[PDB]
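Shown here is one chain on its own, the form deposited in one PDB entry, set out as structure tokens.
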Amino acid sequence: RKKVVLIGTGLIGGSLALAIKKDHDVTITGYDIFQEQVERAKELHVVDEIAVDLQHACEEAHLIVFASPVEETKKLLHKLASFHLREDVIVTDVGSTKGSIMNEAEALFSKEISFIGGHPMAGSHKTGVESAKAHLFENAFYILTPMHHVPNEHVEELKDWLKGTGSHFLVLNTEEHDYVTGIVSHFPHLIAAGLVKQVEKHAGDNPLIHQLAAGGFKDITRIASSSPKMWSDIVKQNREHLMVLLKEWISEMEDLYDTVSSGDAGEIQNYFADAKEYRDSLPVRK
């Protein structure tokens, strides 16, 4: 049976490992700098083996998956370039940004290795391999950003490796990926955190706010409970897009202030009607 290496045996890694095993009879060897995490992954039948030697495992693998944070993936690509991999190997990652990863891949592996950037656009904030599920990516978009030299059949192969995910796969270039995910994922995380911060500022002075924020406000700001480390890293890696979006946003807020100041019931109703038309225009998932 074919061999898979999973580097980073956490929520997203474990989830992908389970989705592969669901639709494919394969040996998944796990590697993590956190021994307890990969040991637990083995206990839970998310991986079949723990890698002593990262080199031996990678050199025999048909598929290598990086589910490590993007800075750790970037560092480990340099090690992967020093190894003698199979000629047919497919290498992928799960990073929320693709710019840095694909630049590093182009510098190290051009023409030799099939590296395809990945971004499964779904996740529980519930963490660890403990919380990994085969169906975590069901009906979610999964972005693939192939290197320049990668032929189409290798992208279709990777889609087949990951068909167990139940995801809608979409090929984007790096620039498209970081632009759209900056607007639809990264920027909303910034606003959610800011919304929680503004409410906390008032909660200090009135404890009823703390009691009432536990209802509707807590539910809509769920993403603000995501890993601060992970999201600091994402903001750093998509900083230029997010800076341009924040200046747009401040200008949008100055226009909304002018609308509310005007006191025009019709203009205020138009504002909400326009937002409602767009929000209702998004398709229902699963």
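By rigid core we mean the largest C-alpha set that fits within 1.5 Å across both forms. Numbering starts at 1 and runs along the sequence shown.
This protein has a second form, the form deposited in another entry, left out of what is shown; the following refers to that one.
A movement of the C-alpha atom of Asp274 falling short of 2 angstroms is seen between the shown form and the other one when the two forms are aligned on their rigid core. The Cα position of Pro188 differs by less than 2 Å between the shown form and the other one after fitting on the rigid core. Annotation: Cα of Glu156 displaced by less than 2 Å between the shown form and the other one, core superposition. Between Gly123 and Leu190, the Cα spacing is larger in that other deposited form than in the shown form, differing by no less than 3 Å.
In comparison with the shown form, the Cα-Cα distance of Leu77 and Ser124 decreases by at least 3 angstroms in that other deposited form.
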